[PDB]
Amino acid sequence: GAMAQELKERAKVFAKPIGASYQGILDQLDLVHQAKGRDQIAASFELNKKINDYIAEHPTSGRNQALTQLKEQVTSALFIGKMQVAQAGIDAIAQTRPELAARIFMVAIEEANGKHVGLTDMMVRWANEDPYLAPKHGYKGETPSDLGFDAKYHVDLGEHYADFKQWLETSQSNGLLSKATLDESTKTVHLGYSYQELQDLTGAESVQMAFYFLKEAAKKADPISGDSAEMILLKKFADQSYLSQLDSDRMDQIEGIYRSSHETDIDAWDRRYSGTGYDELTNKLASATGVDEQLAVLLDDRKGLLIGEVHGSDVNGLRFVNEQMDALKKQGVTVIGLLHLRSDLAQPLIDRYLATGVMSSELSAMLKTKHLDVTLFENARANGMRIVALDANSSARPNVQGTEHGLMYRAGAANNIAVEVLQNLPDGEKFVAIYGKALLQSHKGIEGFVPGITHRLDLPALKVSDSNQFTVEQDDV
């Protein structure tokens, strides 16, 4: 009857039963209550994002007025005083990416106190223009705890499951791709390699095949947007921890680029290695005769050698380091650096080989993919020298998703690796590192400046010829 409905309605109006969506807001509120540091700021941006999403979906909900006010109080707390200076740019980002906004927010707090003026605007501009900082949903839902490894993706292979499985199992029986686990009931692979790491193993056909089917599954998950297979894998299948770690590291690298532009002594680099300094180094070099004396000039009051490699052949650097390893050793060199290999994926494999004398399948596949001579590693091990991988984790692609940010990111991250691995060897120990010529020079783009490897390590960029003649390459202005 109408009485029963009248009573039901009076009860409903007084104690509005809580939907799933409003429950999410209350849960998120508790997080604002309990969290500390940057977590509390992120939780506050995420509270706001939940409120906006709620009001959008329940336009005529009675709860909107009290949620709106809550949203303004939160916003007022966050952007009080000088923090309002960066508010418009940070809040616009917080609309889609609360954790990202919170990181920038912490930087803006410092900028309000007068640290690194300009960094905040730089981070905001990257967040808007770098395709890799765009909103990335990734894989949502429960992920297994069993895996002996950190999953980077959880990819539903659908129709490509059987092929992927075959080539994965062929790979695993040859010691490759061990950090991958199949769940047949959902046709998914839990995958412990990044897109870029896999690409570095495709000298092995079985990996190349597995990689091919992985990519097909990705393309089929998103046929409509123009996203590459790599970007699709992130936005649709990335583990959430992996996403955070990517976003975090990219923000770190932007700060790195910023600091390096102010703290690198480029004035002194140009005095030593341009103009008169260059003329003088070139003259002293040309008067020396043979490998021994050229080395002594190049390493005189310098921590190492930087040798350029050109796209195509000119593998003269790789050849030289191998054939003349003894002459390098006698001049104090104890470390050989290769931009050809990625530090995260390769260094554990390299180190285990130098310790045990046993080369893993995985390293053997990487060397093959990169066309590196196994004898370099044997000659290094026999000579007591360490080989170190110098590249970061992103695409070497001079084009990455259509902007300059991929280029700057790689140069930034490679600069950091170089400083950590090459810049402070024990007293007397020198290095020889081989870089592609693009990293040796500075990046002077409209979208930002990055010091060259040369600038960061206070060294000239070198070229070695078919007859072991060194020359100093002029700075790319």
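Throughout, we count residues from 1 along the sequence that is shown.
Peer 1: Using only C-alpha atoms and the B-factors in the entry, which stretch averages higher, 90-98 or 283-291?
Peer 2: The deposited B-factors put 283-291 ahead on the C-alpha mean.
Peer 1: On mean Cα temperature factor in this entry, is 112-120 or 393-401 the higher one?
Peer 2: Mean CA B-factor is higher for 393-401.
Peer 1: Determine which member of 196, 364, 173, 185 has the highest CA B-factor, using the values in the deposited entry.
Peer 2: Top of the list by C-alpha B-factor: 185.
Peer 1: Would you mind finding, among 369, 244, 261, 331, the residue with the largest C-alpha temperature factor in the entry?
Peer 2: Of the candidates given, the C-alpha B-factor peaks at 331.
Peer 1: Lowest, middle or highest third of the chain for the C-alpha temperature factor of residue 62?
Peer 2: Answer is highest: the recorded C-alpha B-factor places it there.
Peer 1: Determine, from the deposited record, the chain-internal third of the Cα B-factor for residue 219: lowest, middle or highest.
Peer 2: Middle third of the chain for residue 219's C-alpha B-factor.
Peer 1: Sort the modelled residues of this chain by their C-alpha B factor and say whether residue 436 lands in the lowest, middle or highest third.
Peer 2: Middle third.
Peer 1: Can you tell me whether residue 278 has a C-alpha B-factor in the lowest, middle or highest third compared with the other modelled residues of the same chain?
Peer 2: Highest third - that is where residue 278 ends up once the chain's C-alpha B-factors are sorted.
Peer 1: Using the B-factors in the PDB entry, rank residue 453's C-alpha atom against the chain and give the third, lowest, middle or highest.
Peer 2: For residue 453, whose C-alpha B-factor we compare with every modelled residue in the chain, the answer is the lowest third.
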